[PDB]
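Taking the form deposited in one PDB entry, here's one chain by itself in structure tokens.
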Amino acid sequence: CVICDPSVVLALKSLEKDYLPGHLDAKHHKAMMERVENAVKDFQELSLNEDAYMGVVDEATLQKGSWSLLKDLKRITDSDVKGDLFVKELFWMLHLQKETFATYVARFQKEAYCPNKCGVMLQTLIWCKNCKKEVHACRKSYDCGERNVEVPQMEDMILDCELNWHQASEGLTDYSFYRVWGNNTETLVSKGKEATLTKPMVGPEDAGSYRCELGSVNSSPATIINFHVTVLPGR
């Protein structure tokens, strides 16, 4: 999907206009950029066993492909090779980088494709065929889990509602920390773009059960976590 990157096509324009003249006969100049640009546009068409091929990536993965690719092209041009060898090395490289990029696209589906064990993650994906963006809703468990927090008295209580994938989700509203009781009622204790609720000098009254809802834009919360806090008198 690499050609979906504005910098690759720049490197190609500069490749033809600035590197092709000095090092390639013009009898073969526009006739080669065809083969090349279609070899780049073929990165889209891959496959690797042990999985299918979603035909989709993320910015994080596109940037690796583009980088890893343009680095070696830079190796090529830096060498100043210019014969009927230039056209050999260029495409050997063009094969190998297809391999490497294929590995990248594998790691992406295996690990970074909807990596939430719970909640709703809005993940920006790029369709490789048409180089176009869509926001994909990754849906899993409603409530992520339950945290058991034990804290000694006079220590600081720290409730964390942040997960490894919140920094990568989108359309996120604030974190809200509510307080639940027997009253059946609950009072919002905190609300902001801080993923943690810290209450200093915890007491027997601070113990109980809290809840954290990470809001999303025009939707249900991305994450809900229930904290069960209990207090010890040690120290």
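A residue's number is simply how far along the shown sequence it sits, counting from 1.
The same protein has a further form, the form solved in complex with a partner chain, not shown here; the description that follows concerns it.
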Exactly one of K74, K132, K117, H95 comes within 4.5 Å of its partner chain in the deposited complex through a heavy atom, and that residue is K132
Contact with its partner chain in the deposited complex, heavy atom within 4.5 Å, among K140, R147, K82, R107 goes to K140
Look up in the deposited complex whether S14 has a non-hydrogen atom within 4.5 angstroms of its partner chain, and give yes or no. no
_Is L90 near its partner chain? Define near as a heavy atom within 4.5 Å, in the deposited complex._
no
Is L125 part of the interface with its partner chain in the deposited complex - any heavy atom within 4.5 Å? yes
Discussion item. So, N226 and its partner chain: in the deposited complex, are they within 4.5 Å at any heavy atom pair?
Written reply: no
Counting only non-hydrogen atoms, the one stretch of 53 to 61, 29 to 37, 195 to 203, 164 to 172 within 4.5 angstroms of its partner chain in the deposited complex is 53 to 61
Shown form as baseline, in the deposited complex, CA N218-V56 shift of 3 Å or more puts them closer
